[PDB]
Structures are given as C-alpha cells and as structure tokens.
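Notes follow the structure.
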Amino acid sequence: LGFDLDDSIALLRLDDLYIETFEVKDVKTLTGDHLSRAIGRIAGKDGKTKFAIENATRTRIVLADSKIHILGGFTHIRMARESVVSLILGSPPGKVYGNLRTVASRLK
Amino acid sequence: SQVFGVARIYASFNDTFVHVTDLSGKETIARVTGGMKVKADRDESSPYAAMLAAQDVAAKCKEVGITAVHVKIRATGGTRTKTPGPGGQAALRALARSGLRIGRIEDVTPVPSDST
Amino acid sequence: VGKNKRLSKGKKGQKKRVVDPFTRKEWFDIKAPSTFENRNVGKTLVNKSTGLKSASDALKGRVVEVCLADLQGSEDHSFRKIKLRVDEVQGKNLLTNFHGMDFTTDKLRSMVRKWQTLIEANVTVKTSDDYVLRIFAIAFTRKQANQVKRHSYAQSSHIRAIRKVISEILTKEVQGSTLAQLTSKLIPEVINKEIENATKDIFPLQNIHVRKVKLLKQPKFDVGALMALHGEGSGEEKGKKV
Amino acid sequence: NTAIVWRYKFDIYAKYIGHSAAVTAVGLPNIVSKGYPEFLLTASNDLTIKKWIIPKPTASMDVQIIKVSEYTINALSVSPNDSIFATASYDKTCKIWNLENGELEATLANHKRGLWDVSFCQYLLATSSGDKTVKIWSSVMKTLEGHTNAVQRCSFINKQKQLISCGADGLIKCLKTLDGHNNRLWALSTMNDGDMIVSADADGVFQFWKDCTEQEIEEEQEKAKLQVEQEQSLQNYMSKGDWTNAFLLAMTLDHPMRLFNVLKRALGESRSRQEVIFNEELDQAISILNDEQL
RNA sequence: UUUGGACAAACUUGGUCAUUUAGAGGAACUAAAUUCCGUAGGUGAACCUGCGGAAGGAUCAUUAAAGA
RNA sequence: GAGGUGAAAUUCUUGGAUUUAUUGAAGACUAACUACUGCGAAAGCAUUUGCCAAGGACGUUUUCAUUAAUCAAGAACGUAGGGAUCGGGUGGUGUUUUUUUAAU
C-alpha cells in the first residue's frame, strides 16, 4: 500500500497498530489546481510538514496523488487525521505547528 | 466437511457492525454492534469494541454450527470515505484469530459514479 | 451501551425476552447446475417446515453469491463470483440455476491504471430461450511492444469501431446459444479470447473481460427443464410403521 | 388488547376489552368500603384513558362502559380521596382528571423532557421525568430534587419525604442514596409507606430494604452517652488516684496529656514505694492490651 | 311535586397548633492553623447559511521490466 | 440499540430503528480512465447509439480574382535553439497484422 518495509515490520510486530485510509476528494471537492496546492501543502517543503506530523503524533503516513494512508495506534490515527483534515481545509502551518505542540503535550 | 457463513463486516463511522449470515443473505445470525459491548458512547467505534464484538459473534456462530466465514468488508459508501476504517481490520483480526476458518476477503463498499 | 448513558424513552417498551430461533431453523444444502463441477456449494437456514407460510415457498426466491474458484477448484479465476438463484426445492436439496455474474471489485480496480484507455460495452440481448441479458464487456488498451511513447491512447474513432465490433460479436455469441450454453462458454473465458482475436486487427487491446451478466426477464419455471439441467429424481416411499 | 382484574390461590375475575393494546397503567381506589371496588381507571396507547366499573361478585363480566374523555400514556395514579387522579406522561403533560366527568382540571407543564411517573400519598403530588429531577405539586411548583440521570419512579414516604429510583440507585429525600443495583429499575413498593420495607428490582436482582435502622440514632446517642461517662470517670480517677483504670480510659480515649500525667504519677509512686517497674496492676494492665492502641 | 327527614364536599368568623420565614437589632456561649467579490438570506456591523470564483497557500517516497 | 460529536444532546427505535437480502419507483450526476491531453468566439464542454446541421487542420497541377484589415453606432451569445505530445499528409521497412466478403 505504500509504507516502507520497516514500517510494515512495525505493523507486523506489536499487533495493535491499524492502518486508516481516506481521500482528498471527500472534503471541499478539490479541483485539480487546488489538489496540487493540497498535496504540496501537506508535504510542505522537502517532506518537512509530513515528517513533523510523523514525529509528533507517533504514527507514520504515506500519501498518493489523491488518497492518503496513516498507520499507527487508533487515537493517534484520529489525531493525525484531524490535523491533516485541518491542513487540507487550509490553515497556516505555524498554527498547525502550535496545534501539534499541544497534541504532543497531550502525548507526553 | 465445513459450512460457510458470510461476515458482512461494516466498518462504519462512530460504530462497527458484524453479523454473519448464511450465504443467501436472508437469515442473519447474531447481529452485534460496537455499541452493545463497550459502555462509554465515545468509543463505540473502538477497535477493542469491534474485537470483543467479533469474539462474541464467533462464539454464537460456532454454537449454531457454521465453521468457515466468507468475509466481506463494507465501508459506509456513498459520497463518503469509501474505504474501510480501523474497525474493519480489528474485527477481521479478531474473528480470524478466534478459531474460525476464513474465506475470500473482499470489498463491497458502494461506488457512486458521481452522485451528489 | 451501559448504565450511565440514558433511558431514552425506547427501553420502557418491554423486551419480549427469548424465542431461541436456531432450535427451530432448518438446514438445506444447495445443488448448483451441472455445467460446473462441485455442485454442492454449502448450506442455508430457512425456517421450520410447517404450514402457513411454508418452507418450500418462503424459499425459492433467494440468490447465493458463490465464488468461481469455490465452484471450479482452480485458482486461475479467484475473481468473477457468480449469483445462483435458488429456484426449485426438491427433497432437502435446493436445485438452483444461473442468475448473474460479477467481478470482485479489487480485480478491476487493480486492472485500471492511468496512461491507458478502457472501453466499455453493454447490450440487451435475448438468448435462444426467453432470458434477456444486459451483458457487459470491459476492454483495455495494450501498450504495444517496441513502443516508445507513454500514451497508448485510442483515437476515439477507433473506440466506436471497437465498441461496434464487440457488441456485434457478443450479441452473436449470446443469440446463438441458450443460457446453460452461455454459462458453459463463459466459464472457460473464451469470448474474451474471441474478442481479442477478432479485434486485434484494429488495436492491440490488453486484457478483455465481460465482468457482468444481468438477467432482466425470465421465461417461466419449466420444472422438467430445471431437473434436466441437473439430473432426474423421483421422490418415493418411506416406511409408515404405524 | 386487554386489562383484567384478579380477585380470589388466585383466579381470573373480570376481563376488560376495547383499546389499542392497553400497554399502560391501571388504577384502583384506595377507599373501598363494600366487598368489591368500583373504579378501574386504565390508560391506553390510543392516547386516551378509560374509566369503568368492576361489578358485583359471582360472575365473569367482560364489559366496557364509561367514557374516554381524555388526552384523545403511562403513570396513572389514584387518590385516597378519589376526587382527583393523575395521568402525567408523554413530553411534559402533567394532567390530573376527576374520576367523574373528566375535565382538563389544572394541567401542568413546567418540565423539560418526557415524564416517567407520578405518585401522591394517602397522608401533595410528586412527579418524575426525564429532567433527572423530581418535582412536587400541590397548584404550582413546590420543590424539586435532582440527581444523575432519568428518575423513573418516585413515591412519598409517609408525609413529606419521597424516595426515587433508577439513576443507578434508590435514593431517598438531599440525603442517603442506596446503591446496591447495577442496571435499570422499574420497581418501588412499600408496606405502610413509612415502615420497614421497600422493595426494588433491577433487570435481575431483588433488593429488599428493611427500614428498621432508625434505632441507629438511638445507639449513637448511647455511644455519646458512653463517651461522656467514661470520659468523666477519667477525671474522677485522676482526682482520686487508682491510676490503673485511669490509664485504661486514657488509652481508650487517646488523651495524651492526661496519659502523660497518669503514668508520671504512677512512675513517681513506683520510685517512692520500697519484675516490677510500675505498680503491678498497671504493669499487667499494659501487658494485656492488643495491638492497635499499642 | 321531595309525605316529612339525621346527614352532607366547599365556605364565614374567631380561636388552637405548627411550618418556614425574610432581614433587623439586642446579648450569651462554644468553636476558629486563511483572505475577498457578485448573486440570495437573515444576525447590530462584522461574522455566518448555500453557490460560482483568484490563491497573493510552501510537492516528500512510488514509477516499464517478469524468466516460473 | 441506532444516530450524531471534541464530549454530549435533539431525533428514531419491540407498531422491530441501524444492518442484511430480493425487488420496484423517482429525480439529479456521469466514480476510476483524467494527462500540464481534446474541442468551442467566450462562458464552458466528459455514459452509449442514432439523427440534424455546423466547424477546424491537412490534402489539392480545382474555382473566383483584391473580395483584405481596423474599430465608434448597432447586433448575437453569456532575441534564438531543442525535446515531447495531439490532428493531418509523404516516404522507409520489421513486428503486430493476415488470406477472394467489404473496409484500410
């Protein structure tokens, strides 16, 4: 499906990590120019916002051209999914950085 | 000699359904949900809730007599997520563990051809 | 859910405790038509065989969506599940007939990719019996060997030619056949290779499939014809001893 | 369809037909003078009630007679005076009708969610709704109580308090919950409405409560009387000598300064007098004692 | 038409007793550590319901060879 | 029990809500294919098949002979170079193709 093989081994061991999947097309209907804005906004620059969500919410994501996948534990899936859907609705990355600081404080 | 039911595992939002039927589709056996096991109303879509729900379905279906289950995962369909959430894999792992032979995992989630 | 949530004015209606229906239910087993092999496909609960909405007529309407690998024992077609309509109940064995066919959706969702175009066709055709089928057909552009360009697109005036010749030849393949013959020529996947042979002249055409047969009108029962599709049978005595 | 009455170990006495399934409350008078009652007030899910009469004995008597001048769905409750009965139900309808030509006399709506029960004593009205509070009528809006969730049924206890059910627990009136149940309750029954029984029921379990622990305040008065008795005898012993039982009272009351003084005097006596390190009675008196005050 | 009649739910005036009062004194005792326009609607402006629109908003892995 | 959310709540539900299966009706839309590709004067335009006309590029040893452009008023609708691709044409000469049914 698209995660790396060490991530899939991390799904194999420690069996309580599940794998959610959703689409860009469900929210705001995202015509193709805005879709390019959406995936560029989620990936950031050199993968940095995606790696920020990865290291923050203790989960790991991958994203195809219109369909993304998050694997991890279930409430971390939900935290990453609400941060991703806020960012794909379109928010300042500084604001989502502060929100992920608060969610990492919930994690600790 | 084995006999076959059909899972019809519904990985909905805010809920999860599992009810095995004999492979026509009429005579359903042991409808459970995610709500009727946990007591919180917050995680009636819990993977744990679907896990013990599928365990209870496996017990009741082994009581009736069906041994294998053709499994069919359905998401909520429509103009919505179109793709199974975590509860589908949770119920799948549970009733694949719980002594029940599994056959022909599929995906029967409806596709819209661009409805509203 | 629990004890702390709510009463919600719907639980006051009392519960009508237990009926224990699986002590009352009854097991039948299904016999598929003899075009296939391995006609025993499984078992089915119905009801207790009493009067007043009896079992043999509360039956005989349903369908069963069995897998073709479960019918043929060969994993070369794990997809292409079929639907058998249970039609004539005769002595604990539900004699069924053909009712439809569909691909499991993962196969076509893994067949379709980008950088190729796919062709659809579908006709309403009467067989040599009085069944009518909305029979479908899916097709895909082959990337030709020694190609260079990424595209492999059809010119959309080849698309009308391919769809015309594919509707014509599968209309011929239905109308020169009965329904049992249509199943026995659809199982070893031969109208696909016939489409590819009669249509490789115009375009290279990667894997062809039919993927759907929908029955829209059935002629009559013809109990004798349905028994002829399986094998004969005459229900006769069991000892009285009273 | 029906509502029936049983009289005489029992037997059927009179069937009653004609409703939409009669899925509702019944009611009898609390004033019966002759050898049979004369008012069966049943409700229905026709959004109506039916009053009728239970006739003379020595028959079977499946009848239907008097009017349905009503709502036109639960909790019918009859008066000891039988002048006004109550039919509170169905999203804040607190109506009370008159066991006669049934007028719309003093209907009330001061609740928020649907009603669940109404009851009122022989000894002046209390209803219970989905507002998780119970409310008291006279007229208009005397009192309310309030707890966790969905007060099902209430009942007056003998003049002025009331006990309520089915939050998860039978709670009296705030003061004194009683929480030996697990799931929902539809049961509250008293013997003589102030006395030593009240029975309640969960989905499976029975709880019989004896209301015979109001001698506990009597024995608590006895405990305080005991405390002041063997507290003042401690002062008497401190002023009169014989320090042994003075030590006993000081240890059982844990009075540390009097403890220090009592065994200081004991120690001075043991130094003055002539195996043995205090007086020997106090020696064995601290020898015998248990572990907690040790 | 009541031959004639004890009684009879509610009331009038007083008493009798009780409930809280409600706060206002007096004087005793015990305690006291994401932005915007146009069409239409209403909320006071904003803001918001729904639609067409311009992002002036910041693309990381994955990519045509497989030898049963 | 269903719904719904960050939690709830409203609502629906033993006259069987949710879910399952067999159908039937209704309107709207044309998932994936979908691309830095196609068309139209512009807004816009994606199911199949047929009809009705129109249009563009190419091809051309065909015809007419300056008929052209530009816009008030009016009118209808609302610097040079290279690679790749789409549509048409020419040439080459391998595989797909095939052969006396037509086509190209």
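Residues are named by chain letter and number: chains run A, B, ... in the order of the structure tokens, numbers start at 1 in each chain, and ligands are numbered from 1 in the order shown.
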Practice item. Give me the residues within 10 Å of residue 110 in chain B as a VMD selection string, counting only C-alpha atoms (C1' of nucleotides) and dropping any in the same chain fewer than 3 places off. Key: chain B and resid 74 to 80 82 to 83 107 113
Give me, as CSV, each residue of chain B that comes within 9 Å of chain C, together with its shortest interatomic pair and the distance in Å at one decimal, counting only C-alpha atoms, with rows ordered by chain and rising residue number.
residue,atom,partner,partner_atom,distance
B:2,CA,C:42,CA,8.3
B:3,CA,C:42,CA,5.8
B:4,CA,C:42,CA,6.4
B:5,CA,C:43,CA,8.8
B:22,CA,C:44,CA,5.6
B:23,CA,C:64,CA,6.0
B:24,CA,C:64,CA,4.6
B:25,CA,C:64,CA,7.6
B:26,CA,C:62,CA,7.9
B:27,CA,C:45,CA,6.4
B:29,CA,C:22,CA,9.0
B:34,CA,C:1,CA,8.9
B:35,CA,C:1,CA,5.4
B:36,CA,C:1,CA,4.9
B:37,CA,C:1,CA,6.5
B:38,CA,C:1,CA,6.1
B:39,CA,C:2,CA,4.4
B:40,CA,C:1,CA,7.1
B:41,CA,C:1,CA,7.0
B:44,CA,C:1,CA,8.4
B:64,CA,C:22,CA,6.9
B:104,CA,C:67,CA,8.2
B:106,CA,C:104,CA,7.0
B:107,CA,C:105,CA,6.8
B:108,CA,C:105,CA,7.4
Find the nearest atom pair between each residue of chain A and chain E for residues within 10 Å, count only C-alpha atoms (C1' of nucleotides), give distances in Å to one decimal, sort rows by chain and ascending number, and present the table as JSON lines.
{"residue": "A:2", "atom": "CA", "partner": "E:62", "partner_atom": "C1'", "distance": 7.7}
{"residue": "A:3", "atom": "CA", "partner": "E:61", "partner_atom": "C1'", "distance": 8.7}
{"residue": "A:4", "atom": "CA", "partner": "E:61", "partner_atom": "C1'", "distance": 8.6}
{"residue": "A:34", "atom": "CA", "partner": "E:55", "partner_atom": "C1'", "distance": 9.0}
{"residue": "A:36", "atom": "CA", "partner": "E:59", "partner_atom": "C1'", "distance": 7.9}
{"residue": "A:37", "atom": "CA", "partner": "E:57", "partner_atom": "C1'", "distance": 6.9}
{"residue": "A:38", "atom": "CA", "partner": "E:57", "partner_atom": "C1'", "distance": 8.6}
{"residue": "A:39", "atom": "CA", "partner": "E:59", "partner_atom": "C1'", "distance": 6.5}
{"residue": "A:40", "atom": "CA", "partner": "E:59", "partner_atom": "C1'", "distance": 4.2}
{"residue": "A:41", "atom": "CA", "partner": "E:58", "partner_atom": "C1'", "distance": 6.4}
{"residue": "A:42", "atom": "CA", "partner": "E:59", "partner_atom": "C1'", "distance": 8.4}
{"residue": "A:43", "atom": "CA", "partner": "E:60", "partner_atom": "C1'", "distance": 5.7}
{"residue": "A:44", "atom": "CA", "partner": "E:58", "partner_atom": "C1'", "distance": 5.5}
{"residue": "A:45", "atom": "CA", "partner": "E:58", "partner_atom": "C1'", "distance": 5.9}
{"residue": "A:46", "atom": "CA", "partner": "E:60", "partner_atom": "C1'", "distance": 5.6}
{"residue": "A:47", "atom": "CA", "partner": "E:60", "partner_atom": "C1'", "distance": 3.9}
{"residue": "A:48", "atom": "CA", "partner": "E:60", "partner_atom": "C1'", "distance": 7.7}
{"residue": "A:49", "atom": "CA", "partner": "E:60", "partner_atom": "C1'", "distance": 9.2}
{"residue": "A:50", "atom": "CA", "partner": "E:60", "partner_atom": "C1'", "distance": 7.6}
{"residue": "A:51", "atom": "CA", "partner": "E:60", "partner_atom": "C1'", "distance": 8.7}
{"residue": "A:62", "atom": "CA", "partner": "E:61", "partner_atom": "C1'", "distance": 7.9}
{"residue": "A:63", "atom": "CA", "partner": "E:61", "partner_atom": "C1'", "distance": 8.8}
{"residue": "A:64", "atom": "CA", "partner": "E:62", "partner_atom": "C1'", "distance": 8.3}
{"residue": "A:89", "atom": "CA", "partner": "E:34", "partner_atom": "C1'", "distance": 9.5}
{"residue": "A:90", "atom": "CA", "partner": "E:34", "partner_atom": "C1'", "distance": 6.8}
{"residue": "A:91", "atom": "CA", "partner": "E:34", "partner_atom": "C1'", "distance": 5.9}
{"residue": "A:92", "atom": "CA", "partner": "E:34", "partner_atom": "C1'", "distance": 6.8}
{"residue": "A:93", "atom": "CA", "partner": "E:58", "partner_atom": "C1'", "distance": 9.0}
Prev. selection, N, CA and C atoms, output as an mmCIF file, in the first residue's frame:
data_model
loop_
_atom_site.group_PDB
_atom_site.id
_atom_site.type_symbol
_atom_site.label_atom_id
_atom_site.label_comp_id
_atom_site.auth_asym_id
_atom_site.auth_seq_id
_atom_site.Cartn_x
_atom_site.Cartn_y
_atom_site.Cartn_z
ATOM 1 N N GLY A 2 2.061 1.183 0.554
ATOM 2 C CA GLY A 2 2.958 2.294 0.308
ATOM 3 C C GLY A 2 3.909 2.692 1.410
ATOM 4 N N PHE A 3 3.703 2.175 2.613
ATOM 5 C CA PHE A 3 4.649 2.422 3.685
ATOM 6 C C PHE A 3 5.938 1.655 3.439
ATOM 7 N N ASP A 4 6.996 2.074 4.117
ATOM 8 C CA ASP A 4 8.265 1.397 3.930
ATOM 9 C C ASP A 4 8.282 0.082 4.706
ATOM 10 N N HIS A 34 -6.214 23.208 -7.031
ATOM 11 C CA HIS A 34 -6.290 23.189 -5.578
ATOM 12 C C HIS A 34 -5.825 21.855 -5.009
ATOM 13 N N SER A 36 -3.291 20.126 -6.271
ATOM 14 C CA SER A 36 -1.843 20.299 -6.243
ATOM 15 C C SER A 36 -1.421 21.160 -5.062
ATOM 16 N N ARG A 37 -2.182 22.232 -4.787
ATOM 17 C CA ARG A 37 -1.948 23.030 -3.579
ATOM 18 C C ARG A 37 -2.098 22.188 -2.318
ATOM 19 N N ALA A 38 -3.045 21.251 -2.323
ATOM 20 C CA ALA A 38 -3.320 20.441 -1.145
ATOM 21 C C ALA A 38 -2.182 19.476 -0.850
ATOM 22 N N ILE A 39 -1.731 18.731 -1.862
ATOM 23 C CA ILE A 39 -0.668 17.768 -1.584
ATOM 24 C C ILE A 39 0.657 18.479 -1.357
ATOM 25 N N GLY A 40 0.884 19.621 -2.013
ATOM 26 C CA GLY A 40 2.071 20.398 -1.709
ATOM 27 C C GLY A 40 2.043 21.008 -0.325
ATOM 28 N N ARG A 41 0.853 21.343 0.168
ATOM 29 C CA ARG A 41 0.713 21.903 1.499
ATOM 30 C C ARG A 41 0.883 20.842 2.571
ATOM 31 N N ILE A 42 0.421 19.619 2.307
ATOM 32 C CA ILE A 42 0.606 18.544 3.276
ATOM 33 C C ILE A 42 2.060 18.089 3.292
ATOM 34 N N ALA A 43 2.696 18.000 2.123
ATOM 35 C CA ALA A 43 4.093 17.596 2.104
ATOM 36 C C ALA A 43 5.026 18.710 2.555
ATOM 37 N N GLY A 44 4.601 19.964 2.477
ATOM 38 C CA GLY A 44 5.444 21.057 2.944
ATOM 39 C C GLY A 44 6.541 21.355 1.952
ATOM 40 N N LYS A 45 7.778 21.389 2.437
ATOM 41 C CA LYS A 45 8.952 21.518 1.583
ATOM 42 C C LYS A 45 9.978 20.508 2.061
ATOM 43 N N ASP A 46 10.425 19.644 1.142
ATOM 44 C CA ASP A 46 11.303 18.502 1.426
ATOM 45 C C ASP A 46 10.706 17.585 2.492
ATOM 46 N N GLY A 47 9.394 17.368 2.409
ATOM 47 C CA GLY A 47 8.712 16.449 3.300
ATOM 48 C C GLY A 47 8.610 16.893 4.740
ATOM 49 N N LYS A 48 8.792 18.186 5.015
ATOM 50 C CA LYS A 48 9.037 18.597 6.390
ATOM 51 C C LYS A 48 7.763 18.655 7.228
ATOM 52 N N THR A 49 6.624 19.031 6.647
ATOM 53 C CA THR A 49 5.391 19.039 7.427
ATOM 54 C C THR A 49 4.883 17.624 7.660
ATOM 55 N N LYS A 50 5.037 16.753 6.660
ATOM 56 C CA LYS A 50 4.673 15.351 6.826
ATOM 57 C C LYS A 50 5.541 14.685 7.882
ATOM 58 N N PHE A 51 6.840 14.991 7.889
ATOM 59 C CA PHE A 51 7.705 14.429 8.920
ATOM 60 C C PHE A 51 7.423 15.047 10.281
ATOM 61 N N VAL A 62 1.718 7.897 4.577
ATOM 62 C CA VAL A 62 2.159 7.957 3.192
ATOM 63 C C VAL A 62 0.976 8.512 2.422
ATOM 64 N N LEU A 63 1.253 9.085 1.259
ATOM 65 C CA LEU A 63 0.192 9.773 0.542
ATOM 66 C C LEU A 63 0.410 9.649 -0.954
ATOM 67 N N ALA A 64 -0.586 9.098 -1.635
ATOM 68 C CA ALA A 64 -0.595 9.000 -3.085
ATOM 69 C C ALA A 64 -1.103 10.317 -3.662
ATOM 70 N N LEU A 89 -8.107 21.512 4.749
ATOM 71 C CA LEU A 89 -9.038 22.623 4.658
ATOM 72 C C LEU A 89 -8.282 23.917 4.421
ATOM 73 N N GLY A 90 -7.058 24.004 4.929
ATOM 74 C CA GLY A 90 -6.172 25.088 4.568
ATOM 75 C C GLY A 90 -5.952 26.047 5.712
ATOM 76 N N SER A 91 -4.834 25.883 6.399
ATOM 77 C CA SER A 91 -4.516 26.621 7.607
ATOM 78 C C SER A 91 -3.073 27.084 7.517
ATOM 79 N N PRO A 92 -2.698 28.103 8.283
ATOM 80 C CA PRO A 92 -1.285 28.450 8.399
ATOM 81 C C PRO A 92 -0.494 27.336 9.060
ATOM 82 N N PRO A 93 0.625 26.940 8.439
ATOM 83 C CA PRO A 93 1.469 25.887 9.020
ATOM 84 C C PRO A 93 2.045 26.233 10.378
#
Give me, as number ranges by chain, the contact residues of chain B against chain A at a cut-off of 6 Å, counting only C-alpha atoms. B: 81, 85-86
Let's have the selection written as a PDB file, in the first residue's frame, with N, CA and C atoms.
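New file again_24.pdb:
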ATOM      1  N   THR B  81     -16.335   8.122   2.917  1.00  0.00           N
ATOM      2  CA  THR B  81     -14.933   7.694   2.935  1.00  0.00           C
ATOM      3  C   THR B  81     -14.571   6.546   1.993  1.00  0.00           C
ATOM      4  N   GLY B  85     -12.257   1.744   7.639  1.00  0.00           N
ATOM      5  CA  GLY B  85     -11.532   2.369   8.717  1.00  0.00           C
ATOM      6  C   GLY B  85     -10.745   1.349   9.510  1.00  0.00           C
ATOM      7  N   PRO B  86     -10.503   1.618  10.784  1.00  0.00           N
ATOM      8  CA  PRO B  86      -9.720   0.675  11.590  1.00  0.00           C
ATOM      9  C   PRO B  86     -10.557  -0.461  12.153  1.00  0.00           C
TER      10      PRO B  86
END
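CA of residue 1 in chain D is found 5.8 Å from CA of residue 19 in chain D.
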* Asked: Near chain C, which residues of chain F fall within 9 Å when you count only C-alpha atoms (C1' of nucleotides), and what do they look like as number ranges by chain?
  -> F: 1, 13-14, 21-22, 32-35, 48, 95-98
Check: which chain A residues lie within 12 Å of chain F using only C-alpha atoms (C1' of nucleotides), as a list in words: residues 25, 31, 32, 33, 36, 66, 78, 79 and 82 of chain A
Between CA of residue 81 in chain C and CA of residue 94 in chain C lies a distance of 19.2 Å
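Put simply, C1' of residue 26 in chain F is 29.5 Å away from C1' of residue 44 in chain F.
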Report task. Taking only C-alpha atoms into account, report as a PyMOL selection string which residues of chain D lie within 8 Å of chain C. Result -> chain D and resi 114+149-150+167-168+182-184
